[PDB]
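Starting off, we have a lone chain in the form deposited in one PDB entry, written out as structure tokens.
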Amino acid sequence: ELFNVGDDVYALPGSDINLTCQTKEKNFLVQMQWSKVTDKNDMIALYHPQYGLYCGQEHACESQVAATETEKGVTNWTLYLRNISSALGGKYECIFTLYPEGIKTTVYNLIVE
């Protein structure tokens, strides 16, 4: 539905990428999600503020993701990719689901040399 800047990270094989994504929503925040769409839409990590963290199929997302709250009330949703290989490139995006309906996504393009 709605988009929220987001850049192109130009990285070198072996780098570390720290993609962060914030929303102010609390009352109407249903879930946060990290997805990698390349030729798949691949769900990496799904966090629900009451039901906890859930990893998408094939993924070890528990160690690479985090959701914390700023006391100015913003929720930080973050994905960390370590020692990125040539294959980790492609379109990462962060999708917030709001109540009762809408979606706010932020798209990150990781381009590896």
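For every residue, the number given is its place in the sequence shown, counted from 1. We call the rigid core whatever largest set of C-alpha positions still superposes within 1.5 Å between the two forms.
Colleague: Test of understanding: from the entry's C-alpha B-factors, which stretch has the higher mean, 43-51 or 66-74?
Modeller: The entry gives the higher C-alpha B-factor average to 66-74.
Colleague: Consider only the C-alpha atoms of the modelled residues in this chain, order them by B-factor as the entry records it, and name the third containing residue 109: lowest, middle or highest.
Modeller: Lowest third, going by the recorded CA B-factors of the chain.
Colleague: Check where residue 37 lands among this chain's C-alpha B-factors and tell me if it's the lowest, middle or highest third.
Modeller: Tercile = highest for this residue's CA B-factor.
The same protein has a further form, the form deposited in another entry, not shown here; the description that follows concerns it.
Colleague: With the two forms fitted on the rigid core, I'd like to know which residue in 63, 83, 27, 68 is displaced by 2 angstroms or more at its CA between this form and the one not shown.
Modeller: Result of the superposition: 27 is the only one at 2 Å or more.
Colleague: After fitting the rigid core, is the C-alpha of residue 10 off by 2 Å or more between this form and the one not shown?
Modeller: Moves: no, less than 2 Å.
Colleague: Where do residue 45 and residue 25 end up in the other entry, Cα atoms closer or farther than shown, with a change of 3 Å or more?
Modeller: Result: farther.
Colleague: How does the CA gap of residue 32 and residue 25 change in the other entry versus this form, closer or farther, if it moves 3 angstroms or more?
Modeller: Here the pair is closer than in the other entry; there, farther apart.
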